[PDB]
């Protein structure tokens, strides 16, 4: 029994064909262009998503061949919240504004001055930020009133592709929630909330939950994509959440730790409870929420430091530095690092190394950074705990998992077992799974992990709890001490 996931990614459009329960029959990809017409702008062409999607779906069929082509449902995921504008005829008004876009600081300031940023965050479980569809909408109204006045539909990237597939008009709950349109209490688009963006409430399509069938592939879209006519299409899926699912975050208390360029932490919870510190999403798993967080400098901060410390080491840099840090005690001999090189995610704090002496070596520096990143991950976990999400079962994925030293450090700091895994194909897998569970009940959400490369489960050394606890206390006190100085 066969199923497809499609991922409308930021620099890449990826589709996979899975034969259940545990086989990836085919993978297709295509590059996507991130434009920036002015500094801090991040835009994409929704017509390239669609062209990418047609190519990659058709290639799936061409790769697997007709004799192994029997797809039974498709789910589309991608980045969010992207802002796509359609006029009354369904045509794209201007290029899509991506979530990394930075053009709307002024409107964020107004929004923040015009509503209670806490009441708001308690309401939508997301903060008043440039990532709100609402902030980008206010910017457009003031900078491109003609675009603004022509808006019949505002939606996200994968919502747009789904419309092209089914002719339905909806958005993912999660696009609307991250976007600022949904009240957690009601789980629906609120007039109230749309009004803030000064668009008519008709301009935002009804929200739709990922796990439910959204519609079927139309005749036009069968033609353009190769997909069978009438193929069931599921709700669109938020990319980072589908990634959490694929990593096996399916039960309340499950936590994913993503050692990417920027770090993420994603947790499944029965508790919906916004917090100034952590953003909220619905899980794909019905009934669950997915509080999540991001840290700006993670693998990026290591790449920076590896270049400084192993200038002409090439790729071996990390391997070489990992080895040095290995020979260095936990806590790095009194080194304490704050890892906020782009800021953190509150203020504009900055990277700090302290406790340095002429005895420290490149290994201590590398280690201190390794430990600091771990420590920031710990802090999130403590926050999750505080809010009542009860973090307990831990997974790590992405690039940093290739470092046995880093992961040993992570576990010793967290003082819980950490299950390492590889999930290279990414979010597309979380998406195939949604359609997998919709086309029968021979499978649980649970079962996704047959599709990923689960690896070593690392146990902490309990004798390290006492040093990392004190380091944690130091890290915390370093930041509290340097706060006033950072906001001088």
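Residue numbers count along the first chain shown, from 1.
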{"property": "Between residue 345 and residue 346 - deposited residues without coordinates, as a size class", "result": "4 to 9"}
{"property": "Given 328-336 and 118-126, the range whose Cα B-factors average higher in the PDB entry", "result": "118-126"}
{"property": "Segment of higher mean CA temperature factor, 147-155 or 395-403", "result": "395-403"}
{"property": "Top Cα B factor in the deposited entry, candidates 96, 186, 134, 225", "result": "186"}
{"property": "Selection from 293, 180, 351, 286 [criterion: highest C-alpha temperature factor in the record]", "result": "351"}
{"property": "Chain third (lowest, middle, highest) by recorded CA B-factor, residue given as residue 62", "result": "middle"}
{"property": "Third assignment of residue 31 from its chain's C-alpha B-factors", "result": "middle"}
{"property": "Lowest, middle or highest third - CA B-factor, residue 274", "result": "highest"}
{"property": "Chain third (lowest, middle, highest) by recorded CA B-factor, residue given as residue 82", "result": "lowest"}
{"property": "Third of the chain's Cα B-factor distribution that residue 379 belongs to, per the entry", "result": "middle"}
